[PDB]
Structure formats: structure tokens, C-alpha cells
Amino acid sequence: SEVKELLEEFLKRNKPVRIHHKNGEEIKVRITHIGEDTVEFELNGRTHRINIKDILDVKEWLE
């Protein structure tokens, strides 16, 4: 996965991300874990898991 490779780089560099989901949402978060086919973030007692195949694009969340 092309997106997976990029997510792994941002996680390694400790950078926050902007995930463009196929549904048009822009999910701006710090990621916690990358699995075989998923990426996760934690928010308030819940893990949110996104299937990487559902991601159109990922970019850095820049200041």
C-alpha cells in the first residue's frame, strides 16, 4: 500500500496527519498504530480504525 508506506513515515517522524477518506471527510489526527491493512488513532476511550484501502490520500497536518 502506497498510503500505508506514507503513514509509516509520518508515524516514525512523529508528525500529525490529514487523512482524506473516500467519503470526503478530512480526518486530522495523530496516529497511534498501523496494522497490516488499517491505521488507528485513539480518542477518549475509543480506538478508531480506518481501513487503508478507504483512504484517498494522506498529507501532513502542517502549522
# chains A, B, ... in the order shown; residues from 1 in each chain; ligands from 1
call {"tool": "residues_around", "arguments": {"residues": "segment 31-41 of chain A", "least_positions_apart": "4", "cutoff": "9 Å", "atoms": "only C-alpha atoms", "output": "PyMOL selection string"}}
result
chain A and resi 1+4+7-8+10-11+14-17+46-53
call {"tool": "write_last_selection", "arguments": {"atoms": "N, CA and C atoms", "output": "PDB file, in the first residue's frame"}}
result
ATOM      1  N   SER A   1       0.810  -1.241   0.000  1.00  0.00           N
ATOM      2  CA  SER A   1       0.000   0.000   0.000  1.00  0.00           C
ATOM      3  C   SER A   1       0.832   1.274   0.000  1.00  0.00           C
ATOM      4  N   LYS A   4      -0.085   3.286   3.061  1.00  0.00           N
ATOM      5  CA  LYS A   4       0.488   2.697   4.263  1.00  0.00           C
ATOM      6  C   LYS A   4       1.940   3.124   4.442  1.00  0.00           C
ATOM      7  N   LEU A   7       1.983   6.650   5.731  1.00  0.00           N
ATOM      8  CA  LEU A   7       1.571   6.703   7.132  1.00  0.00           C
ATOM      9  C   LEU A   7       2.699   6.243   8.047  1.00  0.00           C
ATOM     10  N   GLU A   8       3.424   5.195   7.643  1.00  0.00           N
ATOM     11  CA  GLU A   8       4.531   4.693   8.455  1.00  0.00           C
ATOM     12  C   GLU A   8       5.627   5.742   8.598  1.00  0.00           C
ATOM     13  N   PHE A  10       5.152   9.085   8.468  1.00  0.00           N
ATOM     14  CA  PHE A  10       4.691  10.143   9.361  1.00  0.00           C
ATOM     15  C   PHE A  10       4.721   9.678  10.815  1.00  0.00           C
ATOM     16  N   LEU A  11       4.331   8.429  11.064  1.00  0.00           N
ATOM     17  CA  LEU A  11       4.383   7.912  12.424  1.00  0.00           C
ATOM     18  C   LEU A  11       5.820   7.881  12.932  1.00  0.00           C
ATOM     19  N   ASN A  14       6.861  11.242  13.921  1.00  0.00           N
ATOM     20  CA  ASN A  14       6.045  11.852  14.964  1.00  0.00           C
ATOM     21  C   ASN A  14       5.266  13.050  14.429  1.00  0.00           C
ATOM     22  N   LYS A  15       4.747  12.928  13.200  1.00  0.00           N
ATOM     23  CA  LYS A  15       4.038  14.042  12.597  1.00  0.00           C
ATOM     24  C   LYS A  15       2.536  13.800  12.565  1.00  0.00           C
ATOM     25  N   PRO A  16       1.724  14.826  12.832  1.00  0.00           N
ATOM     26  CA  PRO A  16       0.262  14.680  12.722  1.00  0.00           C
ATOM     27  C   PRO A  16      -0.136  14.690  11.256  1.00  0.00           C
ATOM     28  N   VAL A  17      -1.303  14.089  10.963  1.00  0.00           N
ATOM     29  CA  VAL A  17      -1.708  13.813   9.599  1.00  0.00           C
ATOM     30  C   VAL A  17      -3.105  14.328   9.299  1.00  0.00           C
ATOM     31  N   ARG A  46     -11.733   5.297  23.121  1.00  0.00           N
ATOM     32  CA  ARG A  46     -12.099   4.558  21.952  1.00  0.00           C
ATOM     33  C   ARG A  46     -10.942   4.553  20.985  1.00  0.00           C
ATOM     34  N   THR A  47     -10.741   3.422  20.373  1.00  0.00           N
ATOM     35  CA  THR A  47      -9.870   3.323  19.226  1.00  0.00           C
ATOM     36  C   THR A  47     -10.713   3.450  17.968  1.00  0.00           C
ATOM     37  N   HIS A  48     -10.277   4.317  17.074  1.00  0.00           N
ATOM     38  CA  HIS A  48     -10.878   4.461  15.764  1.00  0.00           C
ATOM     39  C   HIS A  48      -9.958   3.785  14.773  1.00  0.00           C
ATOM     40  N   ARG A  49     -10.504   2.927  13.939  1.00  0.00           N
ATOM     41  CA  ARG A  49      -9.722   2.191  12.965  1.00  0.00           C
ATOM     42  C   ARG A  49     -10.243   2.502  11.573  1.00  0.00           C
ATOM     43  N   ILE A  50      -9.323   2.859  10.686  1.00  0.00           N
ATOM     44  CA  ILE A  50      -9.636   3.174   9.306  1.00  0.00           C
ATOM     45  C   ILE A  50      -8.958   2.135   8.439  1.00  0.00           C
ATOM     46  N   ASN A  51      -9.701   1.566   7.497  1.00  0.00           N
ATOM     47  CA  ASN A  51      -9.094   0.677   6.523  1.00  0.00           C
ATOM     48  C   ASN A  51      -8.290   1.499   5.531  1.00  0.00           C
ATOM     49  N   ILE A  52      -7.042   1.095   5.286  1.00  0.00           N
ATOM     50  CA  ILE A  52      -6.186   1.907   4.434  1.00  0.00           C
ATOM     51  C   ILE A  52      -6.727   1.939   3.017  1.00  0.00           C
ATOM     52  N   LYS A  53      -7.412   0.883   2.575  1.00  0.00           N
ATOM     53  CA  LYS A  53      -7.974   0.900   1.235  1.00  0.00           C
ATOM     54  C   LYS A  53      -9.086   1.927   1.075  1.00  0.00           C
TER      55      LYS A  53
END
call {"tool": "residues_around", "arguments": {"residues": "residue 55 of chain A", "least_positions_apart": "3", "cutoff": "7 Å", "atoms": "only C-alpha atoms", "output": "PyMOL selection string"}}
result
chain A and resi 19-22+52
call {"tool": "select_by_dssp", "arguments": {"residues": "chain A", "states": "helix (DSSP H, G or I)", "output": "JSON, numbers by chain"}}
result
{"A": [2, 3, 4, 5, 6, 7, 8, 9, 10, 11, 12, 52, 53, 54]}
call {"tool": "write_last_selection", "arguments": {"atoms": "N, CA, C and O atoms", "output": "compact mmCIF listing (two decimals), in the first residue's frame"}}
result
# COMPACT_ATOMS: atom_id res chain seq x y z
N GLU A 2 0.54 2.14 -0.97
CA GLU A 2 1.25 3.41 -1.08
C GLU A 2 0.93 4.30 0.11
O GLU A 2 1.84 4.91 0.69
N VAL A 3 -0.34 4.35 0.50
CA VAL A 3 -0.71 5.17 1.64
C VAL A 3 -0.11 4.62 2.91
O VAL A 3 0.31 5.37 3.79
N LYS A 4 -0.09 3.29 3.06
CA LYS A 4 0.49 2.70 4.26
C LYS A 4 1.94 3.12 4.44
O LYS A 4 2.37 3.46 5.55
N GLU A 5 2.72 3.07 3.36
CA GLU A 5 4.12 3.47 3.45
C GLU A 5 4.25 4.91 3.93
O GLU A 5 5.13 5.23 4.74
N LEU A 6 3.40 5.80 3.43
CA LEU A 6 3.47 7.19 3.86
C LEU A 6 3.05 7.35 5.31
O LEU A 6 3.69 8.08 6.07
N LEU A 7 1.98 6.65 5.73
CA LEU A 7 1.57 6.70 7.13
C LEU A 7 2.70 6.24 8.05
O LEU A 7 2.94 6.85 9.10
N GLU A 8 3.42 5.19 7.64
CA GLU A 8 4.53 4.69 8.45
C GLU A 8 5.63 5.74 8.60
O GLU A 8 6.19 5.92 9.68
N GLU A 9 5.91 6.48 7.53
CA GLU A 9 6.88 7.56 7.62
C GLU A 9 6.41 8.65 8.58
O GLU A 9 7.19 9.14 9.41
N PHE A 10 5.15 9.08 8.47
CA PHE A 10 4.69 10.14 9.36
C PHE A 10 4.72 9.68 10.81
O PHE A 10 5.10 10.43 11.72
N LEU A 11 4.33 8.43 11.06
CA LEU A 11 4.38 7.91 12.42
C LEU A 11 5.82 7.88 12.93
O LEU A 11 6.09 8.30 14.06
N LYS A 12 6.76 7.41 12.10
CA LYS A 12 8.16 7.38 12.50
C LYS A 12 8.68 8.77 12.85
O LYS A 12 9.46 8.93 13.79
N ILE A 52 -7.04 1.09 5.29
CA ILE A 52 -6.19 1.91 4.43
C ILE A 52 -6.73 1.94 3.02
O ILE A 52 -6.58 2.95 2.32
N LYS A 53 -7.41 0.88 2.58
CA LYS A 53 -7.97 0.90 1.23
C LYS A 53 -9.09 1.93 1.07
O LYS A 53 -9.46 2.21 -0.07
N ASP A 54 -9.61 2.49 2.17
CA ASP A 54 -10.63 3.52 2.13
C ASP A 54 -10.06 4.93 2.10
O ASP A 54 -10.83 5.89 2.12
call {"tool": "select_by_dssp", "arguments": {"residues": "chain A", "states": "strand (DSSP E)", "output": "NGL selection string"}}
result
:A and (17-21 or 26-29 or 33-34 or 38-42 or 47-51 or 55-60)
call {"tool": "closest_residue", "arguments": {"among": "A:58, A:29, A:63, A:23", "to": "residue 43 of chain A", "atoms": "only C-alpha atoms"}}
result
A:29
call {"tool": "decode", "arguments": {"residues": "segment 1-14 of chain A", "atoms": "N, CA, C and O atoms", "output": "mmCIF file, in the first residue's frame"}}
result
data_model
loop_
_atom_site.group_PDB
_atom_site.id
_atom_site.type_symbol
_atom_site.label_atom_id
_atom_site.label_comp_id
_atom_site.auth_asym_id
_atom_site.auth_seq_id
_atom_site.Cartn_x
_atom_site.Cartn_y
_atom_site.Cartn_z
ATOM 1 N N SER A 1 0.810 -1.241 0.000
ATOM 2 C CA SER A 1 0.000 0.000 0.000
ATOM 3 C C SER A 1 0.832 1.274 0.000
ATOM 4 O O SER A 1 1.653 1.499 0.880
ATOM 5 N N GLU A 2 0.535 2.142 -0.969
ATOM 6 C CA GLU A 2 1.250 3.407 -1.076
ATOM 7 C C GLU A 2 0.934 4.300 0.108
ATOM 8 O O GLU A 2 1.836 4.905 0.693
ATOM 9 N N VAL A 3 -0.338 4.354 0.497
ATOM 10 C CA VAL A 3 -0.709 5.170 1.639
ATOM 11 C C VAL A 3 -0.110 4.615 2.915
ATOM 12 O O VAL A 3 0.311 5.374 3.791
ATOM 13 N N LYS A 4 -0.085 3.286 3.061
ATOM 14 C CA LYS A 4 0.488 2.697 4.263
ATOM 15 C C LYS A 4 1.940 3.124 4.442
ATOM 16 O O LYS A 4 2.369 3.465 5.545
ATOM 17 N N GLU A 5 2.721 3.071 3.364
ATOM 18 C CA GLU A 5 4.119 3.474 3.453
ATOM 19 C C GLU A 5 4.248 4.912 3.932
ATOM 20 O O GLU A 5 5.127 5.235 4.741
ATOM 21 N N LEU A 6 3.404 5.797 3.429
ATOM 22 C CA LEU A 6 3.474 7.185 3.857
ATOM 23 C C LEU A 6 3.045 7.349 5.311
ATOM 24 O O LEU A 6 3.691 8.083 6.068
ATOM 25 N N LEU A 7 1.983 6.650 5.731
ATOM 26 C CA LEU A 7 1.571 6.703 7.132
ATOM 27 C C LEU A 7 2.699 6.243 8.047
ATOM 28 O O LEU A 7 2.940 6.846 9.097
ATOM 29 N N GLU A 8 3.424 5.195 7.643
ATOM 30 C CA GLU A 8 4.531 4.693 8.455
ATOM 31 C C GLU A 8 5.627 5.742 8.598
ATOM 32 O O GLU A 8 6.193 5.920 9.683
ATOM 33 N N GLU A 9 5.906 6.479 7.528
ATOM 34 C CA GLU A 9 6.878 7.561 7.620
ATOM 35 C C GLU A 9 6.410 8.655 8.579
ATOM 36 O O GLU A 9 7.187 9.143 9.405
ATOM 37 N N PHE A 10 5.152 9.085 8.468
ATOM 38 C CA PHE A 10 4.691 10.143 9.361
ATOM 39 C C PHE A 10 4.721 9.678 10.815
ATOM 40 O O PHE A 10 5.097 10.435 11.718
ATOM 41 N N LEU A 11 4.331 8.429 11.064
ATOM 42 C CA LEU A 11 4.383 7.912 12.424
ATOM 43 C C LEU A 11 5.820 7.881 12.932
ATOM 44 O O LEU A 11 6.091 8.300 14.062
ATOM 45 N N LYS A 12 6.760 7.414 12.100
ATOM 46 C CA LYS A 12 8.165 7.383 12.500
ATOM 47 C C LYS A 12 8.676 8.773 12.851
ATOM 48 O O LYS A 12 9.459 8.935 13.790
ATOM 49 N N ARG A 13 8.274 9.781 12.086
ATOM 50 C CA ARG A 13 8.711 11.150 12.311
ATOM 51 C C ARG A 13 7.860 11.895 13.328
ATOM 52 O O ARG A 13 8.112 13.081 13.570
ATOM 53 N N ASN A 14 6.861 11.242 13.921
ATOM 54 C CA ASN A 14 6.045 11.852 14.964
ATOM 55 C C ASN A 14 5.266 13.050 14.429
ATOM 56 O O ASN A 14 5.105 14.063 15.116
#
